[PDB]
Amino acid sequence: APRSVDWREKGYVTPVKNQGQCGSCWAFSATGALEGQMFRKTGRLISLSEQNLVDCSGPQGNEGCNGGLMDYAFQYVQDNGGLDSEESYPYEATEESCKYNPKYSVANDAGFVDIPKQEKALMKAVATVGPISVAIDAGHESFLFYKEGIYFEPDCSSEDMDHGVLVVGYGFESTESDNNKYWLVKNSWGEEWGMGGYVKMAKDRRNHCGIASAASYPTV
Ligand SMILES: *[C@@H](O)CNC(=O)OC(C)(C)C
Ligand code: NA
Ligand code: NA
């Protein structure tokens with residue numbers, strides 16, 4: 001596979017968004033992955049509505065601001081036959097009744113693909129598909145204050161994830177400890193967090209923070 005990949009350079013990735021004080025991380029991860037696959041299909045980058053997923057994808061198993069799963073969101077889009085644009089169905093950071101309107105749908109999918117729970121399989125998927133939805137353990141103060149560098153948290157769990165994010169690539173940089181490899185991860189806490197809203201997560205350090213344990217993407 002390539003040693004470095006950055007799907008932002010190829011135009012697959014919208015700007016960083018902010019979920020606010022709602023547990024909708026899973027909706028931002030899913031829109032990010034579908035935004036990439038729709039651009040790969042059509043050549044158009046269109047920002048998609050998280051509020052649409054928060055309000056409407058409960059029948060697929062999601063729970064609004066109390067959590068959800070990207071795969072449940074991809075299933076909703078398939079079941080529903082559409083997903084509205086971000087401009088048409090803006091984000092309010094609170095759960096409300098479903099207001100989906102197919103006239104303003106700009107995306108679709110036909111299911112999704114779950115990646116084997118190995119970082120090597122995640123690398124192959126990032127290298128060949130585009131941005132991938134992933135779940136991580138972000139429940140540590142170090143993750144809140146992250147500014148730059150390769151994030152490594154020794155108390156991070158590989159099994160108990162609490163936050164959905166989006167792998168847009170991977171790469172490397174020389175470090176003190178010679179643990180030089182990272183996943184390039186888009187968060188949804190605004191661009192003031194981390195590095196313009198991105199974080200470099202330690203790669204090939206034993207599935208650090210669980211980044212390869214629930215990885216998937218939508219099929220378009
Ligand atoms: C993020 O706002 C809420 N966390 C969440 O839904 O975690 C997973 C279920 C692990 C995606
Ligand atoms: Na919070
Ligand atoms: Na279903």
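All Cβ positions, even for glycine, are placed from backbone atoms using ideal geometry, and neighbour counts span all protein chains on display. Since every read-out is calculated from the coordinates, none of them should be taken as a lab result.
Taking a 23 Å limit on the Cα-Cα distance, which of the listed pairs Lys41/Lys147; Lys10/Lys124; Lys41/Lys99 fall beyond it? Each step should come with its number before you reach the end.
Values: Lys41/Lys147 34 Å; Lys10/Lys124 17 Å; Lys41/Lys99 26 Å.
Going by Cα-Cα distance, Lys41/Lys147; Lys41/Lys99 fall outside the 23 Å limit.
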Point to revise | All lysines inside 16 Å of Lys17 as judged from Cα atoms, apart from same-chain residues fewer than 8 positions distant | key: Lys186
Point to revise | Distant-in-sequence amide H partners of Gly67 (H built 1.01 Å from N, under 5 Å) | key: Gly23
Practice item. Compute the FRET efficiency between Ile46 and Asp155 as 1/(1 + (r/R0)^6), taking r as their Cβ-Cβ distance and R0 = 41 Å, and round to the nearest 0.05. Key: 0.55
Exercise for review: Would you order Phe145, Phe74 from fewest to most other beta-carbon atoms within 10 Å of each residue's own beta-carbon?
Suggested key: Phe145, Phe74
Check your understanding: Cross-link partners among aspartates and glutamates for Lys120, C-alpha distance below 18 Å, same-chain residues fewer than 8 apart left out?
Key -> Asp6, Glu159, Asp204
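Expressed in nm to one decimal, what extension gain is obtained for the pair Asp79 and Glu63 from 0.36 nm per residue of sequence separation less their Cα-Cα distance?
Numbers: separation 16, 0.36 × 16 = 5.76 nm, distance 1.70 nm.
That pair, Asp79 and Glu63, stretches by 4.1 nm at full extension.
Figure the gain on full extension for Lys117 and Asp162 (residue separation times 0.36 nm, minus the Cα-Cα span) and round it to one decimal in nm. Walk me through the numbers on the way to the answer.
Working: separation 45, 0.36 × 45 = 16.20 nm, distance 1.67 nm.
Roughly 14.5 nm would be gained on extension.
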Study note, to complete from the structure: Straight-line reach check, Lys103, cutoff 15 Å on alpha carbons, 8 or more apart in-chain or any other chain, hits among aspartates and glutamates -> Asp84, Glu86, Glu87
Exercise for review: Apply the Karplus parameterisation 6.51 cos²θ - 1.76 cosθ + 1.60, with θ equal to phi minus 60°, to every residue of the range 139-149 and state each ³J(HN,Hα) to the nearest whole Hz, in sequence, with x for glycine and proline.
Suggested key: x, 8, 3, 4, 5, 5, 8, 3, 10, 6, x
Review point. Ranked from highest to lowest mean number of other Cβ atoms within 10 Å per residue, what is the order of the peptides 23-31, 132-140?
Key: 23-31, 132-140
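When DSSP beta bridges are limited to those with both residues in the chain, what percentage is antiparallel, rounded to the nearest 5? The partial results should precede the final answer.
Numbers: 27 of 30 bridges.
The answer is about 90 percent antiparallel.
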**Study point:** Orientation-averaged projected area, Cα convex hull of the range 5-219 (nm²)
**Key:** 10.7 nm²
**Study point:** Karplus-derived 3J(HN,Hα), 6.51/-1.76/1.60, for each residue of the range 156-170, Hz, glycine and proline x
**Key:** 6, 8, 8, 10, 10, 8, 9, 7, x, 9, 9, 7, 9, x, 7
Review point. Using modelled amide H (1.01 Å from N, peptide plane; none on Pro or chain starts), what sits under 5 Å from the amide H of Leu83, excluding residues fewer than 5 places away?
Key: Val106, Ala107
Exercise for review: Select from the range 114-202 those GluC sites (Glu not before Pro) which occupy a DSSP coil region and have at most 14 other Cβ atoms within 10 Å, ordered by residue number.
Suggested key: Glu148, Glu159, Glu173, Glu176, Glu191, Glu192
Review point. Can you work out ³J(HN,Hα) from phi for every residue in the range 97-106, in order, using Karplus 6.51 cos²θ - 1.76 cosθ + 1.60 and θ = phi - 60°, giving whole Hz and x for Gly and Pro?
Key: 6, 5, 10, 4, 9, x, 4, 9, 5, 10
Check your understanding: Using modelled backbone amide H atoms (1.01 Å from N, in-plane), which distant-in-sequence or interchain residues come within less than 5 Å of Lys203's amide H?
Key -> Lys181, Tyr182, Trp183
